[PDB]
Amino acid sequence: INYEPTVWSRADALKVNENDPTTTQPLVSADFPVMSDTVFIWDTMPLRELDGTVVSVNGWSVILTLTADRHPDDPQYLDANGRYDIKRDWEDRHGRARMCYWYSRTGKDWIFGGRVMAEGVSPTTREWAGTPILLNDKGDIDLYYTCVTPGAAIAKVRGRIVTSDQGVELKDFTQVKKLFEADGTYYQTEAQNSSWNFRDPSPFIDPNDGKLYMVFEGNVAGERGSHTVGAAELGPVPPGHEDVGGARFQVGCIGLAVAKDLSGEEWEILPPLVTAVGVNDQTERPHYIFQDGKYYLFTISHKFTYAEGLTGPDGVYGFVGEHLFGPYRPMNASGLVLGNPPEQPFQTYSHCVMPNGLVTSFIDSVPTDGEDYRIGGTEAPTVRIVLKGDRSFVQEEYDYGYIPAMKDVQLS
């Protein structure tokens, strides 16, 4: 394939509205419950099939989380006044990230299952995000995830789930295979940019051609600082908006790759599908919903990774089209699908939109009193969106961390 990417332009991004009640995340209460007092969780990945369906197994719902320990009694986090520096502990989570699983009969009130992989199985100590796929009714699972530092590679590891009346166990995740890394012609490398982004596999079977593909976060290849913000990247901005400052340093994209067959053992990279040069450096955790004859491609991004001269909220953005290879259109004209409320701009992150319309996210920082705030590291209230053509609309909210099964699979 040699398709041209869809450009999310600066003029599109000028339409972002942080004050639109149809695209704003409901406020999180400062009295939120926490799902564990021994671990933090953040990016959450429901067990699913390749067509997107979120599944239970023998009546058990299952989710994976990036996870790190809480250290409330560790001297390295106790300050000179003996106060626990929970902000520092929370910020240190990324370097200690490991994949854990949780299970529940109800889709909430999650029971901790522990590590997916034994320590030392992963080629990198950090285990960053991806997707767990239930392959069949024998309980075989492929976990697609990101190995980071040194380098960054999308990888997979095969294992299995077994259950009983007492709970769920994931086991036999012992051999990680790296699948691919940034190439330097389509996706930017560490050599081209020490802060390059390359991560977050989201595999699926295409509803039109029946092949196995994945989307992932990349950056547009090229030496940092060399990218052109030209007419296509600027788009039809209004008078006064022609100066882009240092916008060339923001080069996020959603990448695509195709498996050479349905085993997903070996992959070919394909050119970027959606590019945000001059607009935002991060289009993270891309994923699809396939509904009404359309491809809805969602991705999460941050207020602080926008280019100079633009502003937008942390939250989830989206692009829609009728063909896998595009062209796509920005959802709601600007691209924004669900943004945090400007009064609590960092309350939630890592929205995962599931085909039943429910969106899960985790709680990051919620203001309390004065300039004071509470750190979450726990699931936020799930909220439903509905999609109508190229637009979306937020609907009602559900319990903290509610991720119900769309289908139950009984093991053979």
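Residue indices: 1-based, along the sequence shown.
Asker: Between 362 to 370 and 60 to 68, point out the one with the higher average CA B-factor as the PDB entry records it.
Answerer: The stretch with the larger mean CA B-factor is 362 to 370.
Asker: If you average the CA temperature factors over each stretch, which comes out higher, 167 to 175 or 321 to 329?
Answerer: The stretch with the larger average C-alpha B-factor is 167 to 175.
Asker: By the entry's C-alpha temperature factors, tell me which of 261, 284, 73, 281 sits highest.
Answerer: Spelled out: the listed residue with the top C-alpha B-factor is 73.
Asker: Among 207, 236, 255, 132, where is the Cα B factor highest in this entry?
Answerer: Within the set 207, 236, 255, 132, 207 shows the top C-alpha B-factor.
Asker: Give the position of residue 159 by CA B-factor within its chain, expressed as the lowest, middle or highest third.
Answerer: Tercile = middle for this residue's CA B-factor.
Asker: Using only modelled residues of the chain, where does the Cα B factor of residue 225 rank: lowest third, middle third or highest third?
Answerer: Within its chain, residue 225 is a lowest-third residue by C-alpha B-factor, going by the deposited values.
Asker: What third of its chain's C-alpha B-factors does residue 184 belong to: lowest, middle or highest?
Answerer: Middle third, going by the recorded CA B-factors of the chain.
Asker: Pull the Cα B-factor of residue 46 out of the PDB entry and bin it into the chain's lowest, middle or highest third.
Answerer: As the PDB entry reports it, the C-alpha B-factor of residue 46 lands in the middle third of its chain.
Asker: Place residue 339 in the lowest, middle or highest third of its chain's C-alpha B-factors, as listed in the PDB entry.
Answerer: Tercile = lowest for this residue's CA B-factor.
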